[PDB]
Amino acid sequence: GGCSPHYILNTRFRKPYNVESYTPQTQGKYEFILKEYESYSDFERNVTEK
Amino acid sequence: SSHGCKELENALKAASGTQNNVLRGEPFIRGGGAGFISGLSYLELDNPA
């Protein structure tokens, strides 16, 4: 039977008998992580004898 | 006549550089259409608002 009104936006849906709820609980979570590392090492040595 | 030289040079040029650059962020949203949720929660690094 059913035929209770269920809507999402302007569209209307027939809920199956088995379903207690299907509901547009709408959420969004975003995560950005960026890790840049640099190291450099330089060693010049000179030795001169005359 | 006699002559004698001893001559020496020693040079050390050490150097180093480092850089740490770290960026983080987390938009979060509840409510609104899932397309607008995704379109806004995506972090534009030039405008985090």
# chains A, B, ... in the order shown; residues from 1 in each chain; ligands from 1
>>> residues_around(residues="residue 29 of chain A", least_positions_apart="5", cutoff="8 Å", atoms="only C-alpha atoms", output="number ranges by chain")
B: 26-29, 41
>>> closest_atom_pairs(of="chain B", to="chain A", cutoff="6 Å", atoms="only C-alpha atoms", output="Markdown table")
| residue | atom | partner | partner_atom | distance |
| --- | --- | --- | --- | --- |
| B:6 | CA | A:50 | CA | 5.8 |
| B:7 | CA | A:50 | CA | 4.8 |
| B:8 | CA | A:49 | CA | 4.5 |
| B:9 | CA | A:48 | CA | 4.9 |
| B:10 | CA | A:47 | CA | 4.6 |
| B:11 | CA | A:46 | CA | 5.0 |
| B:12 | CA | A:45 | CA | 4.6 |
| B:13 | CA | A:44 | CA | 5.1 |
| B:14 | CA | A:43 | CA | 4.5 |
| B:15 | CA | A:42 | CA | 5.0 |
| B:16 | CA | A:41 | CA | 4.6 |
| B:17 | CA | A:40 | CA | 5.4 |
| B:18 | CA | A:39 | CA | 4.3 |
| B:19 | CA | A:38 | CA | 5.0 |
| B:20 | CA | A:37 | CA | 4.7 |
| B:21 | CA | A:36 | CA | 5.0 |
| B:22 | CA | A:35 | CA | 4.6 |
| B:23 | CA | A:34 | CA | 5.0 |
| B:24 | CA | A:33 | CA | 4.4 |
| B:25 | CA | A:32 | CA | 5.3 |
| B:26 | CA | A:31 | CA | 4.6 |
| B:27 | CA | A:30 | CA | 5.3 |
| B:28 | CA | A:29 | CA | 4.5 |
| B:29 | CA | A:28 | CA | 5.1 |
| B:30 | CA | A:27 | CA | 4.3 |
| B:31 | CA | A:26 | CA | 5.4 |
| B:37 | CA | A:28 | CA | 5.9 |
| B:41 | CA | A:30 | CA | 5.9 |
>>> atom_distance(atom1="atom CA of residue 1 of chain A", atom2="atom CA of residue 16 of chain A")
9.5 Å
>>> atom_distance(atom1="atom CA of residue 6 of chain A", atom2="atom CA of residue 38 of chain B")
25.0 Å
>>> atom_distance(atom1="atom CA of residue 22 of chain A", atom2="atom CA of residue 4 of chain A")
13.4 Å
>>> select_by_dssp(residues="chain B", states="strand (DSSP E or B)", output="count of residues only")
21
>>> select_by_dssp(residues="segment 6-39 of chain B", states="helix (DSSP H, G or I)", output="MDAnalysis selection string")
chainID B and resid 34:39
>>> write_last_selection(atoms="N, CA and C atoms", output="short mmCIF file (atom, residue, chain, number, x, y, z; two decimals), in the first residue's frame")
data_model
loop_
_atom_site.label_atom_id
_atom_site.label_comp_id
_atom_site.auth_asym_id
_atom_site.auth_seq_id
_atom_site.Cartn_x
_atom_site.Cartn_y
_atom_site.Cartn_z
N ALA B 34 24.18 18.33 -2.22
CA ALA B 34 25.47 17.65 -2.16
C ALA B 34 26.44 18.19 -3.19
N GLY B 35 25.93 18.69 -4.32
CA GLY B 35 26.81 19.32 -5.29
C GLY B 35 27.42 20.61 -4.78
N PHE B 36 26.60 21.45 -4.14
CA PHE B 36 27.11 22.67 -3.53
C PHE B 36 27.97 22.39 -2.31
N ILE B 37 27.65 21.33 -1.56
CA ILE B 37 28.53 20.89 -0.48
C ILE B 37 29.91 20.55 -1.02
N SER B 38 29.99 19.72 -2.06
CA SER B 38 31.31 19.36 -2.58
C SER B 38 32.00 20.55 -3.23
N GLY B 39 31.25 21.38 -3.96
CA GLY B 39 31.83 22.54 -4.61
C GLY B 39 32.37 23.59 -3.66
#
